[PDB]
Amino acid sequence: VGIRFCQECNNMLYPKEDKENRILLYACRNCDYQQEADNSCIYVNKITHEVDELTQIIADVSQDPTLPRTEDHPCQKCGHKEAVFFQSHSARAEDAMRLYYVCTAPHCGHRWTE
Amino acid sequence: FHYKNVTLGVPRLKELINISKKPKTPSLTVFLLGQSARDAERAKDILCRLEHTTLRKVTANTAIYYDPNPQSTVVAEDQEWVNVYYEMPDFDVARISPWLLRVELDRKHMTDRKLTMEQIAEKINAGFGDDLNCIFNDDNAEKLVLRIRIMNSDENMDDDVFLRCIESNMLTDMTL
Amino acid sequence: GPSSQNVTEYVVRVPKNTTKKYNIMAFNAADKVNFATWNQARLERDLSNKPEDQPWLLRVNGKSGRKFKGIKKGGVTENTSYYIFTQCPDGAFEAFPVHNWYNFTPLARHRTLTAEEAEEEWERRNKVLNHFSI
Amino acid sequence: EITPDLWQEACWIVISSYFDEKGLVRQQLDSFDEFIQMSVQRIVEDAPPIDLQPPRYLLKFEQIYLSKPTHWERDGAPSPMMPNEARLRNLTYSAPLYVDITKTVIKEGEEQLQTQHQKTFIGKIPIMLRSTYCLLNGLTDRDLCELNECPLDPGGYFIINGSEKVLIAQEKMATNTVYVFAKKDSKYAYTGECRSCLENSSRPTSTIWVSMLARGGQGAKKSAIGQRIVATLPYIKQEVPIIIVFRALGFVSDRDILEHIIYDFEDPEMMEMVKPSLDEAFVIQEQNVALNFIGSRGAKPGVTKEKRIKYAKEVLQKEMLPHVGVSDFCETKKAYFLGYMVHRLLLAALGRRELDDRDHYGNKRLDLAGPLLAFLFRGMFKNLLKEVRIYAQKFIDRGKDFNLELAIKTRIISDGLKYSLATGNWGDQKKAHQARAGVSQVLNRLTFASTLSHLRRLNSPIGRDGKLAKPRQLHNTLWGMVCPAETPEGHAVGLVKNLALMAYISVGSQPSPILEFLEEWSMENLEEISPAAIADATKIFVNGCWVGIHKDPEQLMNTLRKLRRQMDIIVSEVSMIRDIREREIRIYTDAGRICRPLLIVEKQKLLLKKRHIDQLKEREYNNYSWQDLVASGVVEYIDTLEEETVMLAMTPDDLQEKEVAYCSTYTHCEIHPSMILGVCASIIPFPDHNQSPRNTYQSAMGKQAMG
Amino acid sequence: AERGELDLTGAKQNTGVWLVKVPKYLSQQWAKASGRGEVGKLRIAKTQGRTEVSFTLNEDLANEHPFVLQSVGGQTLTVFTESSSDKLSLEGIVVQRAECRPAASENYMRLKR
Amino acid sequence: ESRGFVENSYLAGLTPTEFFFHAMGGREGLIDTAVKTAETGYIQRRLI
Ligand SMILES: [Zn+2]
Ligand SMILES: [Zn+2]
């Protein structure tokens, strides 16, 4: 799923097929450096696009003076009783009125939806 | 705009004044003849039967794997159904293509149009040729996957870029 | 250790003259070049530009050896001069001015794709994909 | 020490301090004093000498002087003209202009003979009234009445052939920044732009696009690979792939190119998108053949090879991104910026950042009298040097000698400025067809509030009949900087606009003091730092140019704030934006940004204690005024861009009380929310009780009331 | 013996050199180097958890500059020469980089406050 | 109240944030009339 760079000329390693041992070989076009593939899959295309933005929001958003705050929902990892919540603010806005939270305690940065 | 979408007023007038080919929202109103005009279910079935539906609307994700042998089954759990096909092995005519294409489907978007991968399976074959070959699961299994390989008669221009071209071509030119 | 408790004081001089101009020769750490493998080197100004401005051409090991190209930095004394500080047998320090900064990079002596030929190849390949469709 | 509910009389005592010092037309008077103290000295000083030839000669200009406006009588006796006689006798209010020229002859005749002629006459410049160069500067009311002048007259206009002309501020798209749009009609699926100009020194402004072709291209040649990133450089005919123009700067390898464009190699989704960009630039794989490829299609197709490799060298060196650096050295910077321009185009295709807004008022700049007369003075100083040659060559081929007092055609600058100001078309006399019209109209003197509402007026240069509504509708960003109610009806609805009461336009400065701070806080150099270790760093821009990186932003932010509060090193006009999400920091110092003062708020209390009020109601015999209020860190000018990273409270006694509260991290507070109205719309009693279109009619109707 | 021939002795000796950044006004003071070229004396104090280097101007040159040590990691640095006889020589590899700064550069304290 | 609902009457007067939204609505209602005249005049001339 990732990418492979050549170890000699630092370029993009293409996948190739050899008719001897039935194993995927990654080859270079400039040089002909070789090696075998460990996962033996090339292409993947996610159309659902249901990526949870809990992996994209940053912990320093709790320094924003223009975001609402809450005393109801406390943090689990530290027990702080003050959070700051917001919406998806991104694409995939068909049914996007969820409410992600971020703890505001210094050096906690814990994030969670509900 | 204060009133879905309809054009009225003076712009609709000069759309009538001239007969310019481009109405800003062409729309044909349709009426229904049989009890289908009465019950909502037949209305909805003819609704789905009239609307255009492509492939990328009924797929979840696709992946190009590499099975040099159909018994290799790089992904862990698809071995069961591909094997119960494999004890009934047909079409090993020229070779077996080491390049595989795996497609995952969303039963939500599948059933809403009253589709299941049987009709898809024949028409993705009947309509494109026979250069492709589709084996599939049973829908009792929760996730609906069907795997495709090129017809090995071609192996006796790279097949990887060709398979990516075909993958990027079928999801938009499906015509379900 | 002496890096922790070490103490000392040494005199610094800045001679108004030198017998040779001093330049910096910089290498990417990521390459981790073994200088011991350099049995010999040749060093000449680059010929693409057909002097003091010329980029350097470094050829390691005389005949059979490595090769790098050195490209001059934009500035070296535009705001602050750079000095080479060297330890002398008397313990006193000697400072040497940096005349220039040259950037040295590794070279790929493999593969030669050709212009007009490459473009012609691309069109045929582009044409081939369009042909035999549906 | 706090101010509880004495607020209604306290807010009107700081606003009085503002207008007692600044005034209402400081907009006009400050951009002029700039154009004539700095922007005119730099133009003649930064001009190429005219070495010409056997012997050869030298000429270079050193220093500029001016004298007070003067009128030459019928028999040649000068006398200072007062602004009143200029109105009565249909004169023109202008001042003569001198210069020092030095001339050295170089014939290697065993002697270098140099000589200079100082204070040489050049021409005459109009003078804006009440400036620092007028005859009315710093006079008292007993003397203003003695010259038959009104002590209430604001100033800020020219007198040209008896008439009274006023210059209208023109709007303009901001420069030196990257904007991402999407033309949904043409071949492109996305587009970037960057208008560059190297610090007020270029007549044109080179613009460069970085496109991306559409997905639904009918054709299997591209159905599988995908869209290819393209670029449309200036001074060339054909489109160019980006990898080609990357190699023309060196960087032929594809591990070095793909680290200027992608800053972290754990991202497969982006690398897949840049892969089909290499496939078409694969066969052309070295520098010199690349320069030939771009060099083959220019304003002149090269017949030979060396000229194309020469032609492609400077166009890629003096017309590509001149704001980064124009020297032939330092070409690693033109690579990073061109990489950031492309890295930002991909983020707009994966849907990770939103597209830019055209009418967002943080992307606009304003051209006052300063940046308008300076643009018109370049094209007439070059035109004056272009015709000293034509007179020198004709006169030195005969080998006699040279004399310069007869070479200078003085009618070039005098009649050049006076023409375009009097008639309006912003061009030349033989260029009455290629110029921008509508500038420099006649002052309106129907009633005293129709005069003030004329010296404060903007104008967006879009057409006057286009039916597109988005350049006409009211944007929310106009809060507090443009009057929302005052606009004319007819065909010019929303095209001309008046600015609010406390809105202040910046004048410009140099960023060198901030650069000293950057070394003081050890901002990391872009070249010095590892390219790989850049993702975990906040790219630091200054005035549009990427100038390094830095890994400690939060400490830097508090530090920048304290520096602003003292204001010792940085002027209030500068704006410093930090966006946490995109992980960068911007700084601006140029002229044209629009500001307005606000009240600084600490933890939850104002910084304006009572000690500041009981000593501010005494300005008459205490010498404590608005300036001593900014320099104490209780108010602060806030730009439009910076106004997106702020949290405002409308009123202290009501929004900064601890409770179950809306917010708790207020950063600023307004003075009085009634300063969001223009000049003609702030004479309406109870304007918050009428229907909205009614307030628009009166503001366009109190301009024609007799008084 | 050839013009394009580079001496590798320094490198092969693993010869080390020090690199120090110096302000121009100080460097202008240094162009007026006392005597043959002496400019002053360098003082080095190292402790168990702190190391201090500074330079003090020659009394003649006067008529404390602390050093800031800078990393040389990420890029290998060596010094190479061109004689007045145009012979080429590699003197050494850079083992230290540094930047002397004037002490107490005005307010900084005010900025911190 | 945060997206345009003016809950006062013209008599009791409007608060600043409501006075701004009212101005916006009035402005669009004022532009449409400026367009309409030219459009209808031209189309009628053609047809006649
Ligand atoms: Zn390789
Ligand atoms: Zn927490």
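**Q** Could you clarify how one ought to interpret the overall build of chain A in this entry?
**A** When its secondary structure is counted, chain A shows zero helices and eight strands. Counting from the amino terminus, helix and strand elements in chain A follow one another as β-β-β-β-β-β-β-β. Relative to the compact-globule value of 13 Å for 114 residues, chain A shows a C-alpha radius of gyration of 23 Å, a clear excess of over 25%. Its C-alpha atoms give chain A principal-axis dimensions of about 65 × 30 × 25 Å.

**Q** When you look at the coordination of the zinc ion (ligand 1) in this model, what are you seeing that I'm missing?
**A** Six octahedral donors around a metal ideally subtend angles of 90 or 180 degrees, whereas four tetrahedral donors ideally subtend 109.5 degrees. All names here are of chain A. For the zinc ion (ligand 1), the protein coordination sphere consists of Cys6 (SG), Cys9 (SG), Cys28 (SG) and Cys31 (SG), at 2.4 Å. If you look at the zinc ion (ligand 1), its four donor atoms make angles of 87 to 156 degrees with each other, and the shape they trace is irregular. The sequence pattern formed by the donor residues of the zinc ion (ligand 1) is C-x2-C-x18-C-x2-C. Here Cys6, found in the segment before β1 (14–17), pairs with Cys31, found in the loop between β2 (24–27) and β3 (34–36); they are 25 residues apart in sequence, far enough to count as distant. Both residues of the pair, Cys6 and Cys31, count as buried.

**Q** When you look at the interface of chain E and chain D in this model, what are you seeing that I'm missing?
**A** The accessible area lost on association of the parts is a frequent measure of interface size. Counting from both sides, the interface comprises seven residues of chain E and, opposite them, nine residues of chain D. A combined buried area of about 680 Å² lies between chain E and chain D, and 53% of that area is made up of carbon and sulfur atoms. On the surface where chain E and chain D come into contact, there are one salt bridge. Ionic pairing is found between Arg101 of chain E and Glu519 of chain D, a salt bridge with its closest N-O pair at 3.8 Å. Taken together, the residues of the side of chain E that touches chain D break down into two nonpolar, one polar and four charged.

**Q** What's the story with the coordination of the zinc ion (ligand 2) in this structure? I'm lost.
**A** Residues and elements named next belong to chain A. At this site the zinc ion (ligand 2) is bound by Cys75 (SG), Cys78 (SG), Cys103 (SG) and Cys108 (SG), with donor distances of 2.3 to 2.4 Å. Coordination at the zinc ion (ligand 2) is tetrahedral: its four donor atoms span angles of 104 to 121 degrees at the metal. The sequence pattern formed by the donor residues of the zinc ion (ligand 2) is C-x2-C-x24-C-x4-C. Grouping residues by exposure puts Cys103 and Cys108 together as buried.

**Q** I tried to follow the packing of helix α13 (residues 370–396) of chain D against helix α14 (residues 411–423) of chain D on my own but got confused; where do I start?
**A** The description of two helices packed together rests on the angle between their axes and the distance between the axes. Residue and element names in this part refer to chain D. Closest axis-to-axis distance for the α13/α14 pair is 10 Å, and the angle between their directions is 150 degrees. The angle between α13 and α14 places the two elements in the roughly antiparallel class. Crossing of α13 over α14 shows right-handed handedness. Along the contact surface, α13 presents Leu376, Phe377, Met380, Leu384 and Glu387, while α14 presents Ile412, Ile413, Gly416, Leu417 and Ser420. Within the contact of α13 with α14, the residues separate by chemical class into seven nonpolar, two polar and one charged.

**Q** Is there a simple way to explain the pattern of salt bridges in this structure?
**A** Any two side chains of opposite charge can pair, given that their charged atoms come close. Summed over the entire model, instances satisfying the criterion amount to 59 salt bridges over all chains. Here the salt bridges do not stand alone but share partners, grouping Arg87, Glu149, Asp153, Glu164 and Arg445 of chain D into one network.

**Q** Explanation requested: the UniProt feature "binding site: Zn(2+) 2" in chain A in the structure shown.
**A** Residues and elements named next belong to chain A. Those residues carrying the UniProt feature "binding site: Zn(2+) 2" are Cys75, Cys78, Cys103 and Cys108 in this numbering. Despite a sequence span of 34 residues, these residues sit close together in the fold, their greatest C-alpha distance being 9.0 Å. Tracing the backbone through its elements, the reader meets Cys75 in the loop between β5 (69–70) and β6 (83–86). Within the secondary structure, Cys103 sits in strand β7 (residues 100–103). Relative accessible area serves as the criterion here: at 1%, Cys103 is assigned to the buried category. Beyond its immediate chain neighbours, meaning those up to four positions away, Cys103 contacts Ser62, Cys75, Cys78, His80, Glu82, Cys108, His110 and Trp112.

**Q** Teacher, can you tell me more about unusual backbone geometry here?
**A** The phi angle of most residues is negative, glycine excepted, and most peptide bonds adopt the trans form. Despite not being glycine, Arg92 of chain A has its phi angle at roughly 55 degrees, a positive value. Assignment of secondary structure puts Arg92 of chain A in the loop between β6 and β7. The phi angle at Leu321 of chain D is positive, at roughly 55 degrees, despite the residue not being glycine. You can see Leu321 of chain D is positioned in the loop between α11 (306–318) and α12 (333–347). Take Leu321 of chain D: its relative accessible area is 2%, and that puts it in the buried class.

**Q** Would you explain a negative patch on the surface in this entry?
**A** Residues and elements named next belong to chain C. Together, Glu116, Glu117, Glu119, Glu120, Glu121 and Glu123 line one region of the surface with negative charge. By the element assignment, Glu121 lies in helix α2 (residues 115–130). Look at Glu121 and you get partly exposed, because its relative accessible area is 34%.

**Q** Hey, could you run me through the interface of chain E and chain C in this one?
**A** Every contact between the two is made by 53 residues of chain E and, on the other side, 53 residues of chain C. Interface of chain E and chain C: buried area, both sides summed, is about 4600 Å²; carbon and sulfur atoms make up 58% of it. When the buried surface of chain E facing chain C is broken down by residue, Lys46, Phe80 and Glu82 of chain E rank first, second and third, together holding 15% of it. At the junction of chain E with chain C, the criterion picks out five salt bridges. Note that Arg45 of chain C is salt-bridged to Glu82 of chain E, the shortest N-O span being 4.0 Å. At the junction of chain E with chain C, the criterion picks out 19 residue pairs in polar contact. Secondary-structure elements contributing two or more residues to the side of chain E that touches chain C are β2 (16–23), α2 (24–30), β3 (38–47), β4 (50–57), β7 (75–83) and β8 (88–99) of chain E. Residue composition of the side of chain E that touches chain C, by class: 23 nonpolar, 15 polar and 15 charged. Across seven bridges, strand β1 (residues 7–13) of chain C lies against β3 of chain E in antiparallel orientation. Looking at β3 of chain E, one finds that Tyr10 of chain C is bridged to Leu42 of chain E.

**Q** Help me understand the side chain of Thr92 of chain D, please; the structure alone is not making it clear to me.
**A** All names here are of chain D. As for its placement among the helices and strands, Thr92 is situated in the loop between α4 (83–88) and β5 (94–106). Classification of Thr92 by relative accessible area gives buried; the value is 18%. A polar side-chain atom of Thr92 sits 3.1 Å from the main-chain amide nitrogen of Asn161. With near-sequence residues (within four places) excluded, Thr92 lies in contact with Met81, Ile159, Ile160, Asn161 and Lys418.

**Q** Would you mind going over the packing of aromatic side chains with me for this structure?
**A** Think of a pair of aromatic rings as described by two things: how far the centres are apart, and how the planes are tilted against each other in angle. In this structure the tally under the stated criterion is 41 aromatic pairs over all chains. Consider the rings of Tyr179 of chain D and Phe181 of chain D, whose centres lie 6.3 Å apart with planes at 35 degrees: the pair is tilted. A centroid spacing of 6.0 Å and a plane angle of 65 degrees characterise the contact between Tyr340 of chain D and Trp546 of chain D, whose relative ring orientation is edge-to-face. Residue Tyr340 of chain D is found in helix α12, and its partner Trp546 of chain D is found in strand β21 (residues 545–546); the two are separated by 206 residues along the sequence. Each member of the pair, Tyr340 of chain D together with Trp546 of chain D, is buried. Connected via pairs of aromatic rings, a cluster forms that spans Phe27, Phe35, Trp38, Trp56, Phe68, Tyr102 and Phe104 of chain C together with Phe80 of chain E. Over the aromatic face of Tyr65 of chain D sits the side chain of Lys119 of chain D, whose NZ or CZ is 5.6 Å from the ring centroid. The ring of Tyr188 of chain D carries the charged tip of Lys187 of chain D above its face, separated from the ring centre by 5.0 Å.

Here is what the cut-offs are and how they apply
- Residues numbered from 1 in each chain as written, not as in the entry; some residues may be left out.
- Chains lettered and ligands numbered in written order.
- Part of a larger assembly, values for the part shown.
- Heavy atoms only, no water.
- Residues with missing side-chain atoms left out of burial classes, pairs and counts.
- Helix = DSSP H or I, 4+ residues; strand = E, 2+ residues; numbered from the N terminus.
- Rg over C-alpha atoms; globule rule 2.2 N^0.38 Å.
- Donors = N, O, S within 2.8 Å, 3.2 Å for Na, K, Ca; no water.
- Tetrahedral: all angles 85-135°; square planar, octahedral: opposite > 155°, others 65-115°.
- Buried < 20%, exposed > 50% of the residue type's maximum accessible area, 1.4 Å probe, protein only.
- Contact = heavy atoms within 4.5 Å.
- Buried area = accessible area lost by both parts, 1.4 Å probe.
- Salt bridge = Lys/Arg side-chain N within 4 Å of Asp/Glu carboxyl O.
- Nonpolar A, V, L, I, M, F, W, Y, C, P; charged D, E, K, R; others polar.
- Axes fitted to C-alpha atoms, helices over the stretch in contact; angles between N-to-C directions.
- Parallel < 35°, antiparallel > 145°, perpendicular 65-115°, else oblique.
- Left-handed = near helix turned anticlockwise from the far one by under 90°.
- UniProt positions renumbered as here; feature names shortened; annotations may be inferred.
- Patch = residues over 30% accessible without salt bridge, like charges linked within 9 Å, V, L, I, M, F, W, Y side chains within 5 Å.
- Areas by Shrake-Rupley, 256 points an atom, 1.4 Å probe, with all protein chains shown as cover.
- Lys, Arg positive; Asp, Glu negative; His and termini not counted.
- Charge placed at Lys NZ, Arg CZ, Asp CG, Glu CD.
- Polar contact = N/O pair within 3.5 Å; in protein donor to acceptor, adjacent residues only side chain to side chain.
- Pairing = 2+ DSSP bridges.
- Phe/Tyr/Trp six-rings, centres within 6.5 Å; stacked < 30°, edge-to-face > 60°.
- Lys NZ or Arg CZ within 6 Å of the ring centre and 35° of its normal.

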